[PDB]
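So this first bit is one chain, no partners, the form deposited in one PDB entry, shown in structure tokens.
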């Protein structure tokens, strides 16, 4: 008709649609696009009245505990219906931390955390995990995952070291294959730095957190990274360029500083480097209250937080709560000439560019036929393959002349499974699982190590579980062997920062009691290397299983010799925390186990 609106026409080029919509928008509509809010503060009126551009779920932000995929779809669609009811009908994009599967969601497949994936040296595996993750995210109606974390963790004292594929940038680079898994492969023609998402069965990705988040002093989370530009560019930056080449749709800025300059206020790096040198054309998003934390104390000059961040080049702000204040302050700054319209128009161009590119104007609503992708057995099979491939065998015999303990026989009259982490699904998933910090016990659908043992063994094999047996119990039990699992409790972000890296008790005391009685395979669950000499000294065999996720049969696949051990350390294992930071090229490089170490077995 003469009711045609070019931006609404799916046959037009993305840039023509962006320009056409931009040209129609009020300042309020523009600033609304730049605002991302928590679902916890969203209502239909809020979304409509403030022209909100995006919503998220922070860790543990769920419609309710145990919600079905359809409950999530219906929640997301309710918010979208409100956004579509605005004058311009701009759909919101909904983001979430799907960082090892769609991990906030009950019944979602939970993949190994990134450090384990590093150990696989299998970028195609990681791609396929991207692919599966996209499907389980879209099962829930969600279009945007805040992944991959391409931090290069340089000090394992950092509470997010498990979110880093490796201390070696080349491994992190190789695992940027998660991006085309989540988003789809970019076409032959593609210009590096353009955003890309294939369509409604894929999700927008997010390379995070730009830049040097894994380089902070003593691994303190959100702190300062002191390194010259050459080291920044040589360690922390390279994977951002691989992300551009694969069309990552968004980049999230780090809470960390670089030589004292807050990333969230760093115009030279965000605009000068990311946008102007790497030619990034997607949208730059803040971290959660990232702009607030520009100042000390945080939140003490919000006016300045908004100015500094938007002038630095950020496009979308993860507020995520005080949207009225954010919108009011940015409006005032624009009205006062402090922030030019050209900056607003750039941020909104980028946001709209991602939304049009990914098909969000053509498919703003969830597909109910996708709900059944959640926790699909094919995806669990993949997680089980990844878990097994992630495992790094550190010891398999106390002496060079002992019979190797692994692989264990599936037939034996009686076996012991022991330890705090042998039958605890939450602990084997770690942080960013159901809750932000993760949790203990049977928090979702999966298979614990105990469950996996019982599923694996010959029917004549009696399996005895004892969480923390004493030495006499073990000696008296008539056991052929034991599998004993211990390690770190779940943690996320600052809560995981840890200067001593010794596992909690009872962990070591149980290993000692078990292994003193019967030959034992110790399965160490951790997000990083931890003090391990005492555990090694006690154990016949020891496996670094990292945080292998929901599919504990990946552990038993290698214990019982269905597959051989192939994992190799993607990080240095230190002798002592007083050595840290210590990386695979220093000077005082005196590792317990060097990067790349890993014993192997053959399938039986």
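For clarity, a rigid core is taken as the largest C-alpha set superposing within 1.5 Å between two forms. Numbering follows the first chain given and starts at 1.
Comparing 142-150 with 501-509, the stretch with the higher mean C-alpha B-factor in the PDB entry is 501-509.
As recorded in the PDB entry, 208-216 is the stretch of 208-216 and 99-107 with the greater mean C-alpha temperature factor.
Across 112, 299, 91, 490, the greatest Cα temperature factor reported in the deposited entry is at 299. Of the residues listed, 542, 545, 537, 52, the entry assigns the biggest Cα temperature factor to 537. In the deposited entry, the Cα temperature factor of residue 517 places it in the highest third of its chain's modelled residues. Among the modelled residues of its chain, residue 185 has a C-alpha B-factor that falls in the highest third, as given in the PDB entry. When the modelled residues of the chain are ordered by C-alpha B-factor, residue 320 sits in the middle third.
Among all modelled residues in its chain, residue 280 ranks in the middle third by Cα B-factor. Residue 379: CA B factor lies in the lowest third for its chain, per the PDB record.
Absent from the display: the form deposited in another entry. The rest refers to it.
Of the residues listed here (349, 468, 512, 498), only one shifts its CA by 2 angstroms or more between the shown form and the other one after fitting on the rigid core, and it is 498.
In summary, the C-alpha positions of residue 270 and residue 496 diverge in the other entry, ending up at least 3 angstroms farther from each other than in this conformation.
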